[PDB]
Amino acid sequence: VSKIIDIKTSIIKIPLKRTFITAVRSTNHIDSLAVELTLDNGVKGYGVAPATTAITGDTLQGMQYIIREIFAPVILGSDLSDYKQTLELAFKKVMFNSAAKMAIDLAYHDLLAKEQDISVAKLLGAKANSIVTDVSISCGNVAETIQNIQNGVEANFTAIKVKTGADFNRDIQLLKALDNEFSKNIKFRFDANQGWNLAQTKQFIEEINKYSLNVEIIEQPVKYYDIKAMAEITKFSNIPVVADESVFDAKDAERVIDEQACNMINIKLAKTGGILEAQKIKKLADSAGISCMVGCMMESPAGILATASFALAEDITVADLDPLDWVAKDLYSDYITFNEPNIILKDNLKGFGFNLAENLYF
């Protein structure tokens, strides 16, 4: 039987086509750690995860140490077929650092798929190859935001993720401008990234209802830990409420289900620590009648591919996967065609379908 006999890691930095600015940070590149697992039959698997320290607490340096010194001793010499057990044993030695776990989990799935000579998407049960993404619009003044949205529509996106929560007055006034400039064929997804309080959230919802807008979701309006407010907003709202930072893992999902704190969960592999835990969330959500979407960090097209593979296998059609729009096409053109707004997996790939040759070998 196949055993994992080697583990390597590599830091990969990808340039962005434009400056990416968040509440805490500004950057021109993506930081990623890649891991390579080698079987004793020569087959190599790969996984790639972002270090988004502000969200998951991961750092490249921490991930590298965790994988080399903590996970590796558990993994080396183990049978591939025992992966579920090996991963449970390995991950229980580390609190948090979900992105480090993601990299390992993905590499394992790459191995499992390659051993069957299929794609990871196929391994996971996917049939369809294509998923629609929104385009993500950064915070800004009303004028430039309206323009950014217009560029998105002209680029063929009909689903628009509008970031809010930085300036509440701006968020409210934006609604008037949206109602004037756009019809109901454009659908909006707001993500406040924890920036609103309870009263503000209610106001924003009421304000939406004063206009005629197609608004699909209100995402993470309040602090990740204020589950009471999330439940109250979910009850108050006529628009589906999405838990993002409130849900990393299956036990977080259990809490928001128990407390009725959202209508939909935004699953991100960098939060879940990869595909196994993401599957557990989807299963819990299905049982509870809670819908799921998929999302990502500003991260490698490799992570996007893994996420799209998971969503296609899980019948998740709502996706915020835009980072492909931020990087050079030739980075992903071997495994993905992005014909906006469609992310389309290429045919006949083995495993995920990307290799690290340039980073690891050249």
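A residue's number is simply how far along the shown sequence it sits, counting from 1.
268 to 276 and 69 to 77 differ in mean CA B-factor, and the higher of the two is recorded for 69 to 77.
A summary of the deposited B-factors shows that, of 324 to 332 and 295 to 303, the stretch with the larger mean C-alpha value is 324 to 332. Take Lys184, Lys251, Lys101, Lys127 and read off each C-alpha B-factor from the entry; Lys184 has the highest. Out of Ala177, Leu111, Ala90, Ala121, it is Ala177 whose C-alpha atom has the highest B-factor in the PDB entry. In the deposited entry, the Cα temperature factor of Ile11 places it in the lowest third of its chain's modelled residues. In the deposited entry, the Cα temperature factor of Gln260 places it in the highest third of its chain's modelled residues. Placement of the Cα temperature factor of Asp82 within the chain: middle third of the modelled residues, per the deposited record. In the PDB entry, a CA B factor belonging to the highest third of its chain's modelled residues is recorded for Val142.
Placement of the Cα temperature factor of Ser246 within the chain: lowest third of the modelled residues, per the deposited record.
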